[PDB]
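The next block holds one structure in the form of structure tokens; read it before the comments.
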Amino acid sequence: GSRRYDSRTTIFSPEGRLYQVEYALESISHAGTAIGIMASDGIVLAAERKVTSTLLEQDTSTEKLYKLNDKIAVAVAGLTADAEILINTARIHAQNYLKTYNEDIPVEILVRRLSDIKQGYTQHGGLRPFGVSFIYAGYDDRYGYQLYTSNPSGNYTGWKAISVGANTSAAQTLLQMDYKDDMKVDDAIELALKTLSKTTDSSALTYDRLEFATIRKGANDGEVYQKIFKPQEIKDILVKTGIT
Amino acid sequence: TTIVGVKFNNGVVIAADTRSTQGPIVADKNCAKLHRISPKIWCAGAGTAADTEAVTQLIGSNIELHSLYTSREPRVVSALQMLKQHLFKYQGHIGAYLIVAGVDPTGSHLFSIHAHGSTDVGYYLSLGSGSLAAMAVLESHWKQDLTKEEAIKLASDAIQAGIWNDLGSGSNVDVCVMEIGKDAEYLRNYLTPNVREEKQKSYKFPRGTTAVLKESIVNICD
Amino acid sequence: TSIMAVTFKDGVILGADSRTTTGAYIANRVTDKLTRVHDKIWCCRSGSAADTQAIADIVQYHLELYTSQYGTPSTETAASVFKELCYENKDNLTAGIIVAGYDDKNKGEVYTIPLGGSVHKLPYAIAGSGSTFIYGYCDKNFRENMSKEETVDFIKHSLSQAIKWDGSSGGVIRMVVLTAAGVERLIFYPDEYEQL
Amino acid sequence: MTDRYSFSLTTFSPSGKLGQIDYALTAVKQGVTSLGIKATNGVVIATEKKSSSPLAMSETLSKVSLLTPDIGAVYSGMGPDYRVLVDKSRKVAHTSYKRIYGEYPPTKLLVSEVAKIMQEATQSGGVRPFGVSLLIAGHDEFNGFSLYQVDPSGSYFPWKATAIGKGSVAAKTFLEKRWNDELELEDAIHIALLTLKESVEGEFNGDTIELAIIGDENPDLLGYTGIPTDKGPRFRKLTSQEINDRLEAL
Amino acid sequence: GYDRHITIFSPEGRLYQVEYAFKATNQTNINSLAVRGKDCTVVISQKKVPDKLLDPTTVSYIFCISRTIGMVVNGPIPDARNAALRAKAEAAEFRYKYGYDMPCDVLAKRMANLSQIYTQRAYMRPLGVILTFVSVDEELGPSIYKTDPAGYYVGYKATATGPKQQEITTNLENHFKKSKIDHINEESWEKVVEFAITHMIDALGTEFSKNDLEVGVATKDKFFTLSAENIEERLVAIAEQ
Amino acid sequence: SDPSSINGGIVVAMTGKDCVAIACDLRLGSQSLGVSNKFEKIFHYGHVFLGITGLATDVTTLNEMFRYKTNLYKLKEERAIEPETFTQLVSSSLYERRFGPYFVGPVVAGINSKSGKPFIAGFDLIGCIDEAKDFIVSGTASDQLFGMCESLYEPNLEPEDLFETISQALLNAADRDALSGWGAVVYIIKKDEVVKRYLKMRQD
Amino acid sequence: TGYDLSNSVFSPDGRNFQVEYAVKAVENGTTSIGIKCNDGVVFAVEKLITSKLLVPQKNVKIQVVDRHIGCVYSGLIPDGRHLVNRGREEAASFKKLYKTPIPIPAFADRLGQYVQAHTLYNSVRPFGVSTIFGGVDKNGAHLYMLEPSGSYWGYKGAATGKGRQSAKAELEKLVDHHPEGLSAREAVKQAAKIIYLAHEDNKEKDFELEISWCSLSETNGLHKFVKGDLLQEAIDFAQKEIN
Amino acid sequence: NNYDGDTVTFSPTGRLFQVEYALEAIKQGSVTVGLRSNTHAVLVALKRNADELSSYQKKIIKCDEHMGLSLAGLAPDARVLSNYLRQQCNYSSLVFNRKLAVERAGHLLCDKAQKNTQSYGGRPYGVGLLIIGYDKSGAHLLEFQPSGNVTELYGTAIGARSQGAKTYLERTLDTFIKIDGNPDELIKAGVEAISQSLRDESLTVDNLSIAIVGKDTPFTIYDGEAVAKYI
Ligand SMILES: COc1ccc(C[C@H](NC(=O)[C@H](C)NC(=O)CN2CCOCC2)C(=O)N[C@@H](CC2CCCCC2)C(=O)[C@H](C)CO)cc1
Ligand SMILES: [Mg+2]
Ligand SMILES: [Mg+2]
Ligand SMILES: [Mg+2]
Ligand SMILES: [Mg+2]
Ligand SMILES: [Mg+2]
């Protein structure tokens, strides 16, 4: 019968790893680097686009950074289309929680459910895993500002600063070197851009090859604001830290 | 409601009053009972208000998709078959009573559909609470070989009979004309014989007449 | 509603009045109750208009698919498809159907399918509310192997009387002639049939 | 009997590639060239109607398809795959949008739905990816004019102008030279016609070229009058005659 | 290569199972041809009964799909009958759902879609057949639309299918270059049939008796096949010329 | 037993010159027993305002549902839903429950942010849209509101006048209905300020 | 290759090797035939007598469908039974809906479509039988033969199994020498002869002969088994001819 | 070889190897014999034990008052198939008040086994059965094989070395076929037949199993002291 053509996407190797998870991670390692840095007064998300053409429509574009609700955003490394499937799920999950409890969903709870969905594809159903790693940036009134990552295994962890995609090795070393606990958002912005600047596989880091977002306490008293940067705003903030 | 359909030389015309009721109360003084199924197939609907509207939109949507799939202009008989089979399935619980008309590559057409899913063919039809007042006029003045102008007159006269004599109909006359080889022309509020007379008095109040306990600015922004 | 079908020398004729009512209101005075489910297999419908149309449409579809695969269906086969639908769905249908067709082997045939979905092959059949009033008349005047003109007269006189006494019947008298020659539609107006 | 293929036919190789997606893209490479260009007041999508025999009537085979009155699509790759995607795309515009909001979806959201369908053929059990790339041009009230590319993975990107298939490397280079943010629709049609001459072998006339625009509302194409707010489809297919008129002044 | 056993892509972006289904198309070694008149659409196909034990009347590759649509198949008979039953059911359902007769081109698209599915979903094999649909459409007039195992389809001025298809194709293209029109400029279907048989004879370089052919004709409101006798009467008229 | 008149309540909306008003009473009762004096019946999603009368559990449920749907709309469309569009979403949502409906009388009010047009509409429990130039009424005192509106109303009232007119329609209608009243709230809505005022009214 | 390991896979020539392998199982089976006659059809089959211990006459192989159709087959016997069970369900459902007994051409396509369906998927195996069947309907007599591929045609006479060639040659002589027709009682005799002739290609074990027929005049258009005097009379006419 | 992975695959010569392997479990089975006269039908089965400490596995199962069977091969498969027969016999009784014809029992078993030889995922039954019964046309013996082939015989045997008993029964045919009106003489001939298939060993009291059904005799099974009469 059909057994002949089944790759068995959910088995252990003799070493006890999950082939498809490992191979999905290998795929992700060639994607545009994305960085998240957490400050005491906000969070930065910065990410590098995949080798652009001059004709790409840069301002109506989105590939790396998506809004999950008003208090939570993600940066994507991996297959964009796989990521959109998970993002819509996550958006719906957030609204169900709000509908049930009349309270915005705590960041971890959203992260956990998405990670559980990923985990399921590694244990049953015989389908390939999602080729995606996320950096979650969000705020809630229990833990304040939070960063997490998840990858195709459905494993998630919390961070002060983290990268995913290409060159995370170099990026993690650079972040470790210059990160400090008392840091502010505007310092974190600079750290994120300088780190991408040094790990990038292109000759120079320009506005048109980036996506950028902040999550600040940055409006009127106690309430949180998400800013997905327009191209001109990235151009300015690139000058303002002297990379161009 | 009162609604009608009248065939003529080179096409077909439909019309309707514009009253909507809830019990003895007029809910809407100028509703639209003429519905576009496709550009040259239009439907008049009486009965349960939302049912006429939903069934007409659903079939209109499926007709559009069918038209795209087949690369042809949709036919009135297709709308008729889809409507009748949908309504039959629901055993009259979808309370839509419809006059379906239009022009297609086959010619010009006029049908009626009852809520249980039975259909008729005719040269002149009427449905709704006012259908007996309208049919009185139609049976009195209809003839073989009507011009477009004669048909529009007959049809709006039939609706007028409903407006004046049926408490379930009122306000304005809407018309749609579907002629072979031309664009369908929808004549919204073709007749308006029930304009409110001027009021005797303005009831505009001295500012501050209303006692207020609190005020505040609502935040509609981000 | 008054309907009938009559076998004769050359085939079979179906006839019907043209009235459909909602209570005492005449919703349609020129209805066509004679409906084609195949080239030379027709039926006359009585009962719920929605039910009988739904049934006839399904039968027409079945016989068009039968035809595609197996050639022209017999009149018996058509009556069996009507029956299957009427019998299996007897709780939800109010349909009294007369089936009539012309084979070349079998000549004219008439099957009547009353309310419960039983089947009855007959020389002729009458049905509908108006039929009660002409049982006496039709039994007295029907003979086998009448001519086309005799059969048209029988039906015209029969339905004339059904129409006269039954308030739920009226309008024009329609007939469909089924022979080896083809299919012929007849119509007869009040001013003719009323004063027979 | 029944489908016992409930496992994925696209999976990760040890290098991280998804073989079937790569191979689908290869089928797209072999496909006939198609392109799209965004002007300030319109979008143009075009391709070559490469006919299979001259006994075929190639007007019966439309490569450029209306999806909604303001959205059109063209493709490169496997024609049959495209045809069923158009069928599904048209339907999803209704089921997942118009039947809910009483209006047609904005371009990016319809594109989003098509992309979803294509992504699922990349992960679901017992199917292969779609062997096509789409270019979808459209207009909607709050976003104006837009142009998107959708690939076999389900990924989509917005373009100022681009091309896909056979001669797409050369055609993307040509468009880089000629595109500016001030192009008026007529200029973009002319540039589209020039770019497409590069990649076409044989006859190059209005019977071998298929070209449509998303431009002004066309009241004459509506089919009825009397609703002031219904102004007509912005999608228009250029006729054989209209294409030739523009080829002499080329 | 398991990419050669099921309908997944090969490294060069090809579907081998679809290509091999095209090769099964010629298993019967029959050629078929279709042309349009003014009023009609004619299709002819070779009829070869090798075995003397066969009842020749049951050997056919032409099908009456509906009252108005005929279909000729190039490919093995079991797959051909499968396609015919499906097309018959689809045409009947269309009539019931939409209240008018299914157009030739729409049935062609529908069957082409079903074939597309077999090229994408692994558990279904493609059918090893090519299907030529013919009618005199009430909107479009005389119509020829053809389907293959790739799920491709298109309308034709005229067409041919089978092992010696190229010979017939070029023969027909040469006629239409000369005639400068879209069809056979002829009043009677009998003469359009005569044209079809005549141009099959030149192109294949063979003569036909009455049992070597099989003919289907579509007019307004019917599609029908010819008896051995109606064909003989047609062969006779070509000869006396 | 009649779900539309267990809890009580009313909503009314009116157009003016480049403005709209929507008002509601504050009562929530259980038949003759008044239970809550603070039960507001108007909600908003961005700049689109929705009033809902009828069975209170469905009022709450529908608010939570339309907040849900408009939040996802905004995330996917990247813009606030407009009143014309939201009105369609309300209609489809209600009709989807055709044979087990929400027992409600919703009312949409807002200004379209592109065109500047003031917009109001009402619905029956099953989704039939009633679009109106002048006013929409709903709830247990709807006869009374129809009477007040149809006589008090005139076109093109300035915001501060419309306030007086809508408030008097609501107050005097409520006082003729046993199940309406116990407080009121009025929203005056202009292109970009919205003022919310609580009226003083008889507490019986 | 490995194109032949899974049903429904096209080989590069365009063949389904699993069906062709099913044909080998058919060729390995005992001989069976049908002869179409004036107003009917006759079916016969060779039953190898494996052992003394088989009860003579009590291992019947020809099968009736409805009341007017006979089916015989060579190859895997259980597959043939499964196919006939399906044929019986198809005949019942036709009669239920349409009242008339299923026409033979109609019946032939029901079997054909079902057998063809078992070449569409890799999760089923093709039928390991060729089936000869037919009977009498309102249009006369019909004989059919159906292969593992689902291929079938109408036949003047037909044969399958180990002795198919010898039988085919024998059938061809009858078709040439009787262009006006063969009578039903005549066809029964010829059937016995051909089964005896065809038993040459299988002569290890000796055999038991079995015949059945439908004739408008001789069986009233119903399927019946030929036993008793008429069987022995035809056994004798066969004996006479091999000597 | 390459063609024996599952039952859904024909070999290039048209064989079904998984069925052939199921047939092989029968051949490793302990021997059993069937034979009948015109008035009775008898089963004899040599039961096998695991070792000296174990029971001797039952090989005979009653299906109805007038029908039963003996098994050779996988026992759980005999239990499944015998249970199906019990149900079929039972349905015939409850619905039609009619004892199931041994011949129909045979056709029903053939059809049940056949399904498992044409579909993916299932396997063939790995057991052979001998079915005896007395119905409205007298005594019957049936041989079932998991290929689906069922055959009516005067006598037969299956299992290891069943070839001896089968030759014996082939010679003895004319004798036993007319042991009418005599239970103990049909049995003794059956016990004799089975003896032609013994090696290193002979029939003891916890080793031999016999069943009989016939004209005025319910299907009954003898084991233990009640077979001593026969050794
Ligand atoms: C079975 O109960 C019915 C049936 C028909 C009517 C008349 C109808 N009015 C309505 O549908 C109003 C808006 N809604 C209701 O009455 C609420 N109903 C509650 C219980 O189920 C039905 C819905 C109405 O106004 N019909 C109009 C035609 C409409 C007008 C609105 C545009 C669509 C067509 C017409 O038939 C005349 C006025 C009387 O029916 C009322 C109750
Ligand atoms: Mg009913
Ligand atoms: Mg009367
Ligand atoms: Mg496939
Ligand atoms: Mg009060
Ligand atoms: Mg009080």
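These numbers come from the heavy atoms of this one structure, side chains and all, not from hydrogens, waters or symmetry mates. As the structure lists them, so they are numbered: ligands from 1, and atoms in each ligand from 1. In what follows, chains are A, B, ... by sequence order, proteins preceding strands, each numbered from 1.
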Check your understanding: Does some non-hydrogen atom of the protein lie less than 4.0 angstrom from atom 16 (O) of ligand 1?
Key -> yes
Check your understanding: Looking only at non-hydrogen atoms, which of F:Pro101, B:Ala27, B:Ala32, B:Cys31 approaches atom 30 (C) of ligand 1 most closely?
Key -> B:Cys31
Exercise for review: Measure the acute angle between the ring planes of B:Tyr90 and B:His86, then classify it against the limits of 30° and 60° as parallel, tilted or perpendicular.
Suggested key: tilted
Exercise for review: Take atom 20 (C) of ligand 1 and look for protein heavy atoms under 4.0 Å from it; say yes if you find one, no if not.
Suggested key: no
Review point. Should the ring pair E:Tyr96 and C:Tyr61 be called parallel, tilted or perpendicular, given that the plane angle runs from 0 to 90° and is split at 30 and 60?
Key: tilted
Revision key, fill the gap. Of all protein heavy atoms, the one nearest atom 12 (C) of ligand 1 is B:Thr21 O, 3.6 Å
Check your understanding: Which heavy atom of the protein is the closest neighbour of atom 4 (C) of ligand 1, given with residue, atom name and distance?
Key -> B:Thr48 OG1, 3.7 Å
Review point. Between B:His114 and B:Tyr97, what is the ring plane arrangement, given parallel below 30°, perpendicular above 60°, and tilted in between?
Key: perpendicular
Point to revise | Sub-4.5 Å side-chain heavy-atom contact between B:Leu98 and B:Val55 | key: yes
Study note, to complete from the structure: So the atoms of ligand 1 within less than 4.0 Å of a heavy atom of B:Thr52 turn out to be 33 (C), 34 (C)
**Study point:** Basic-acidic side-chain contact under 4.0 Å: B:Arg36, D:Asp230
**Key:** yes
Check your understanding: So which of B:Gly168, B:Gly47, B:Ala49 gets nearest to atom 7 (C) of ligand 1, if we judge by its closest heavy atom?
Key -> B:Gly47
Exercise for review: State the atoms of ligand 1, each with its element, that fall below the 4.0 Å cut-off from a heavy-atom position in B:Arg19.
Suggested key: 38 (C)
Point to revise | Interfacing atoms of ligand 1 (cut-off 4.0 Å, heavy-atom, B:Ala46) | key: 36 (O)
Practice item. State which residue, out of B:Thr21, B:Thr1, B:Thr2, fulfils the side-chain hydrogen bond (donor to acceptor under 3.5 Å, both in side chains) condition with B:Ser169. Key: B:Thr2
Exercise for review: Could you check atom 35 (C) of ligand 1 against the protein and tell me its nearest heavy-atom contact, residue, atom and distance included?
Suggested key: B:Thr1 OG1, 1.4 Å
**Study point:** Ligand-residue contact atoms, ligand 1 with B:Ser20, heavy atoms, under 4.0 Å
**Key:** 13 (C), 25 (O), 30 (C), 31 (C)
Point to revise | Geometric class of the F:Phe66/F:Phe86 ring pair [parallel <30°, tilted 30-60°, perpendicular >60°] | key: perpendicular
Exercise for review: Give a yes-or-no answer on whether the side chains of B:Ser129 and B:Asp166 include a donor-acceptor pair shorter than 3.5 Å.
Suggested key: yes
**Study point:** Straight-line distance of F:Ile126 CD1 to F:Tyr95 OH, nearest 0.5 Å
**Key:** 8.0 Å
Point to revise | B:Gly45 neighbourhood, listing ligand 1 atoms whose heavy-atom distance to it stays under 4.0 Å | key: 34 (C)
Revision key, fill the gap. Min over F:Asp124, F:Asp130, B:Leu34, B:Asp51 of heavy-atom distance to atom 14 (N) of ligand 1 lands on F:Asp124
Practice item. Using 2.8 Å as a strict upper limit, say whether an N, O or S atom of C:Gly130 approaches the Mg ion (ligand 3) that closely. Key: no
